[PDB]
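Here is the structure we will look at.
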Amino acid sequence: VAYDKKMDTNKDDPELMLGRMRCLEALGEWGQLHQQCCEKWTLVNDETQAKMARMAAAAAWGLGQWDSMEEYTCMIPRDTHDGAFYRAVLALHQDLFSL
């Protein structure tokens with residue numbers, strides 16, 4: 001509700017969308033989350049796309065679009081735990097039982 005009010009003013013800079021992507025994440029609603037993600041994934045910077053990448057992957061898995069999951073996951077840095085985990089689940093879904 002707070003971010004709804006806060007953004008009733010206008011669309012603004014980063015650190016301001018990430019919050020309500022996160023709340024929609026924690027609430028567990030994925031469809032609206034992906035609706036938001038697609039509308040804005042392009043017209044935003046890269047290091048910010050990096051910030052929303054994990055959310056994009058999680059919502060995409062929620063909707064079962066691995067075609068979207070694979071294009072989302074190719075940005076996540078390798079040193080990150082969640083990046084490795086999501087790459088592993090992506091590969092396991094497509095039956096590559098060696099890597």
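Labels used: A, B, ... for chains in the order of the structure tokens, numbers from 1 for residues in each chain, and numbers from 1 for ligands as shown.
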
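For range 9-16 of chain A, the non-local neighbours within 9 Å, defined as residues at least 5 positions apart in the same chain or in other chains and counting only C-alpha atoms, are residues 3, 44 and 48 of chain A.
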
Could those selected residues go to a file with N, CA and C atoms, as a PDB file, in the first residue's frame?
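What ended up in selection_11.pdb:
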ATOM      1  N   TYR A   3       3.897   1.700  -1.270  1.00  0.00           N
ATOM      2  CA  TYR A   3       4.448   1.959  -2.591  1.00  0.00           C
ATOM      3  C   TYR A   3       3.362   2.352  -3.580  1.00  0.00           C
ATOM      4  N   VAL A  44      15.272   0.264 -18.851  1.00  0.00           N
ATOM      5  CA  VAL A  44      15.967   0.394 -17.582  1.00  0.00           C
ATOM      6  C   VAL A  44      17.411  -0.034 -17.808  1.00  0.00           C
ATOM      7  N   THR A  48      20.816  -2.403 -13.077  1.00  0.00           N
ATOM      8  CA  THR A  48      19.485  -2.551 -12.519  1.00  0.00           C
ATOM      9  C   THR A  48      18.757  -3.775 -13.038  1.00  0.00           C
TER      10      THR A  48
END

Might you pull out every residue within 9 Å of residue 59 in chain A, with only C-alpha atoms counted and same-chain residues fewer than 5 positions away left off, and present them as an MDAnalysis selection string? chainID A and resid 25 28:31 33:34 54 64 69

I need the chosen residues saved as a PDB file, in the first residue's frame, with C-alpha atoms.
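result_25.pdb, freshly written:
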ATOM      1  CA  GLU A  25       7.510 -11.530  -4.723  1.00  0.00           C
ATOM      2  CA  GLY A  28       3.754 -14.892  -3.859  1.00  0.00           C
ATOM      3  CA  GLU A  29       1.720 -13.446  -6.749  1.00  0.00           C
ATOM      4  CA  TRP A  30       3.723 -14.119  -9.896  1.00  0.00           C
ATOM      5  CA  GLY A  31       1.472 -13.067 -12.786  1.00  0.00           C
ATOM      6  CA  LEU A  33       4.972  -9.516 -11.107  1.00  0.00           C
ATOM      7  CA  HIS A  34       5.802 -10.698 -14.628  1.00  0.00           C
ATOM      8  CA  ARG A  54      16.615 -12.933  -9.791  1.00  0.00           C
ATOM      9  CA  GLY A  64       6.549 -21.851 -16.210  1.00  0.00           C
ATOM     10  CA  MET A  69      13.868 -18.087 -17.728  1.00  0.00           C
TER      11      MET A  69
END

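Proximity of A:93, A:56, A:86, A:23 to residue 1 in chain A, computed with only C-alpha atoms, is greatest for A:23.
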
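Comparing the minimum interatomic distances between residue 50 in chain A and each of A:4, A:18, A:90, A:76, counting only C-alpha atoms, we find that A:76 sits nearest.
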
Please provide the set of residues having any atom within 9 Å of residue 22 in chain A, restricted to only C-alpha atoms, with same-chain residues fewer than 5 positions apart removed, written as a PyMOL selection string. chain A and resi 17+27+55

How about saving the chosen residues, N, CA, C and O atoms kept, as a compact mmCIF listing (two decimals), in the first residue's frame?
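out-v5.txt, written as the output of this step:
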# COMPACT_ATOMS: atom_id res chain seq x y z
N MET A 17 11.04 1.11 -7.78
CA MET A 17 10.29 -0.02 -8.31
C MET A 17 10.70 -1.32 -7.64
O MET A 17 9.84 -2.19 -7.41
N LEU A 27 4.81 -11.77 -1.34
CA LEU A 27 3.41 -12.14 -1.27
C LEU A 27 3.14 -13.43 -2.03
O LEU A 27 2.25 -14.20 -1.64
N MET A 55 14.47 -11.83 -9.48
CA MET A 55 13.02 -11.74 -9.47
C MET A 55 12.44 -12.20 -10.79
O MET A 55 11.42 -12.90 -10.80

Considering only C-alpha atoms, return as a PyMOL selection string whatever protein or nucleic-acid residues lie within 12 Å of residue 78 in chain A, sequence-local ones (same chain, fewer than 5 positions apart) excluded. chain A and resi 50+73+83-88

Next, dump the selected residues to file, keeping only C-alpha atoms, as a PDB file, in the first residue's frame.
ATOM      1  CA  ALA A  50      21.005  -7.241 -12.802  1.00  0.00           C
ATOM      2  CA  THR A  73      19.322 -16.057 -16.270  1.00  0.00           C
ATOM      3  CA  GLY A  83      22.731 -17.556  -9.965  1.00  0.00           C
ATOM      4  CA  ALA A  84      24.350 -20.976  -9.819  1.00  0.00           C
ATOM      5  CA  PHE A  85      21.205 -22.505  -8.330  1.00  0.00           C
ATOM      6  CA  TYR A  86      18.956 -21.060 -11.027  1.00  0.00           C
ATOM      7  CA  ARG A  87      21.324 -22.139 -13.789  1.00  0.00           C
ATOM      8  CA  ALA A  88      21.304 -25.630 -12.285  1.00  0.00           C
TER       9      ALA A  88
END

Would you return as a VMD selection string the members of chain A that DSSP assigns to helix (DSSP H, G or I) on this structure's backbone? chain A and resid 2 to 8 18 to 27 31 to 40 46 to 63 66 to 73 81 to 93
